[PDB]
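Working notes for the structure below.
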Amino acid sequence: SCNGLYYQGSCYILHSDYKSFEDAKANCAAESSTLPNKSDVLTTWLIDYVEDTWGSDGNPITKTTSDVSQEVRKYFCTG
Amino acid sequence: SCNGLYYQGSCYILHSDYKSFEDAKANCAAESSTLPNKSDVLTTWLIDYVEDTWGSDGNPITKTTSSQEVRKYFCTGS
Amino acid sequence: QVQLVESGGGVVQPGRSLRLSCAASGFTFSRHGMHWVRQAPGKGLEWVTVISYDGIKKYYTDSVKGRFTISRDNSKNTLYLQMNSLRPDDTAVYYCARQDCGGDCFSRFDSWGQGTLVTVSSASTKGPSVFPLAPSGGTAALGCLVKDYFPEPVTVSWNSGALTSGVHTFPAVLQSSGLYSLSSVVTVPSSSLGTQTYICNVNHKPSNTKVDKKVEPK
Amino acid sequence: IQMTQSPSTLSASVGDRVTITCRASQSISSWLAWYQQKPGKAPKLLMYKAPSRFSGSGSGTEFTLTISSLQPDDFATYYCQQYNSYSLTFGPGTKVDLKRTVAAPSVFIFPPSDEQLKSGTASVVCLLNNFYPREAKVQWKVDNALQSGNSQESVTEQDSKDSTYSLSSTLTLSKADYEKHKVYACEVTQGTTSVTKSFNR
């Protein structure tokens, strides 16, 4: 029933459309969903998929460490 | 039991290291796996993940078809 | 200090090929997408193409699809633009630019190269012909018409640079023949017409030609 | 999928609040940045952190740049930038120049020189010297007949001292055509005033 990434109890749906953080977060909310939390995916196999996509805190999720206000990225919605 | 993409009984495991097609194909074979067939993913929701990665035919999987650097790849069919 | 140095520009005939390069230093080159932007003489900025940080994704504006190919070499920190089937409308200053966002993204360009000029023309190098613009307590106007030269640029001075006040050297225009034309004028007191000599010095380095034209009253 | 910046040109004094608007035909996903470019130089990204005088505001079809306090360093051309569907696009651009009093051009007209006439081509040159504002309509008339398609114009940058402009217009005819007519006129229009300088061959 999960057309995406299944991990524990959360299903992650990829939105391949590039959008700003504000538009991505609003788009997930329009589907009763939120952007991924970085601490719940950082140490898992999910990082290879969620890399460079929007995190819930307004920053891209990055494995190894600009203007995040108008940059545009892909994103997952979960929950 | 699938730490990747599950679609219709097949599990796709992402390999994030960039490899040539020959080494990507050998890496899947060493685990009794194959690269995705384009005909099995093209019209599905998998296409957004497997796009630009190696297909079994030696070409990258593209949404619309019609330059041999290293790419990421999925393995399936363990 | 983020530095982007470009090279490979020049004059090339229509239908032929040119290859631009962009050497990057001062940042992690492999983590940033790179762009090419061009600006035709007297026109605005036009986005040309982008290549992703890892070189997998490439996108082009419509007018160059099939003719231009963007590429990058992350071990040499160099960006390339291979241009084929060049048309006269490809004449422009080409800039490489760095996206400031990291990884798979699109964002603003925070670092620009100094630009490299690309001129697509079938014209051959030719020095200019210089014709006088002869003047007729008033102020008098005189000048030189620098006509039919190729390629750009031409420098104009008056009296070996001794006359700078009131001098207007206009930007060159491209004539329909493919050769450039330019005018330089100066306003001087009309009483000075009998005593002062006015000479325009036209230097055309591409043809190793210098022309000095003494402009006399009618 | 048309992008316009209003106004294409504007004049302002040092210390003014300047607004440059850049519109789009539809939803363009995201506005990216504003850029400032001076003649001969590469464009420069505008940053809203320095107290920074630059501020951007984008609401769908509209993108606005605000320069809270203008210094002489801000006289340049400004371009918006946006991303939409795997492509980026710059706006047409807006030139911001230094405001001053109106100045009527001094108009001079030069017939072709005899030296050029011997080559078979005639260039008639019209000079508009030290005028303001930039906008001026230049028209060529030969025997009171309007000319079109056979002239080219060139304009200097705004001067550093008097902040005026100068313009040259060249009418190109063959020697044969030039000898077939008598009166050659250059008309310049600005506001409610038109000035025509002429000569008889």
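Chains as they are written, first to last, in PDB author numbering: chain F, 99 to 163, 169 to 182; chain E, 99 to 164, 172 to 183; chain H, 1 to 52, 52A, 53 to 82, 82A to 82C, 83 to 100, 100A to 100E, 101 to 127, 133 to 214; chain L, 2 to 51, 59 to 209.
We put the beta carbon where it would ideally sit given N, CA and C, even for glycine.
Item: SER30/H to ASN155/H span [Cα, whole Å]; Value: 53 Å
Item: Completely contained alpha helix (DSSP H) runs for the stretch 74-107 of chain L, where each covers 4 or more residues; Value: none
Item: With 16 other Cβ atoms within 10 Å as the buried cut-off, status of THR165/H; Value: buried
Item: Test: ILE55/H CB closer than 7 Å to a CB of chain E; Value: yes
Item: Opening and closing residue of the beta strand (DSSP E) in which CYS126/F lies; Value: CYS126/F -> not in any beta strand (DSSP E); alpha helix (DSSP H) instead, spanning 119-127.
Item: Beta strand (DSSP E) segment containing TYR105/E, residue limits; Value: 103-105
Item: Through-space distance from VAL104/L to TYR49/L, alpha-carbon basis; Value: 19 Å
Item: Cβ distance (whole Å) where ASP150/F is taken to contact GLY99/H below 8 Å; Value: 4 Å
Item: Within chain L, partners of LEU124/H - CB distance below 9 Å; Value: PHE116, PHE118, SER121, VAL133 and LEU135
Item: Under 7 Å by beta carbon: chain F residues contacting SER114/E; Value: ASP146
Item: CB contact check: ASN101/F to chain E, cutoff 7 Å; Value: yes
Item: CB contact flag (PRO120/L, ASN137/L, <7 Å); Value: no
Item: Among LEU82C/H, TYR176/H, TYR52A/H and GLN39/H, nearest to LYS64/H - alpha-carbon criterion; Value: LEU82C/H
Item: Interface residues of chain H facing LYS117/F [CB-CB closer than 7 Å]; Value: Going along chain H, no residue has its Cβ under 7 Å from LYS117/F, so there is no contact; the nearest lies around 10 Å.
Item: Cross-chain neighbours of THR97/L in chain H, by beta carbon under 7 Å; Value: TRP47
Item: Any C-beta of chain C under 7 Å from that of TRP152/E; Value: Looking at the structure shown, chain C is missing, and the protein chains on hand are F, E, H and L.
Item: Meets three-Cβ-pair contact criterion under 8 Å: the stretch 140-155 of chain H and the stretch 172-187 of chain H; Value: yes
Item: Selected residue, minimal CA-CA separation from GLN173/F, among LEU175/H, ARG100D/H and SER127/H; Value: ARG100D/H
Item: Beta-carbon spacing of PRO126/H, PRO185/H below 7 Å; Value: no
Item: Three-pair Cβ contact test at 8 Å for the stretch 115-124 of chain H versus the stretch 68-80 of chain H; Value: no
Item: Reduced DSSP category for residue 131/H - H, G, I as helix; E, B as strand; rest coil; Value: Inspection of chain H shows residue 127 followed directly by residue 133; residue 131/H is thus not represented.
Item: Contact check, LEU33/L vs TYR87/L, beta carbons under 7 Å; Value: no
Item: Short Cβ contact (7 Å threshold) for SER131/E with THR181/E; Value: yes
Item: Sufficient close CB pairs (3 or more, under 8 Å) joining the stretch 189-208 of chain H to the stretch 34-45 of chain L; Value: no
Item: Interface flag, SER31/L vs chain F, CB-CB below 7 Å; Value: yes
Item: Three-state secondary structure (DSSP) of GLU149/E; Value: coil
Item: Start-to-end residues for the beta strand (DSSP E) that takes in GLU123/L; Value: Element bounds for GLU123/L: not the beta strand (DSSP E) but the alpha helix (DSSP H), 122-125.
Item: Closest by C-alpha distance to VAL110/L, when choosing among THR22/L, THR102/L, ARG142/L and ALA153/L; Value: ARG142/L
Item: Test item: CB-CB of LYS123/F and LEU133/F under 7 Å; Value: yes
Item: C-beta neighbour in chain H for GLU174/F, strict 7 Å; Value: yes
Item: Burial state of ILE117/L, where buried means 16 or more other Cβ atoms lie within 10 Å; Value: buried
Item: Residues sharing a beta bridge with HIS35/H, DSSP; Value: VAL50/H and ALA93/H
Item: Segment contact, 8 Å Cβ cut-off, at least three pairs: the stretch 104-111 of chain E with the stretch 134-149 of chain E; Value: yes
Item: C-alpha gap between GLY102/E and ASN101/F, whole angstroms; Value: 11 Å
Item: Beta-carbon proximity list for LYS205/L, same chain, < 6 Å, skipping 5 on both sides; Value: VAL115, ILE117 and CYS194
Item: Span of the beta strand (DSSP E) around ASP208/H; Value: 205-211
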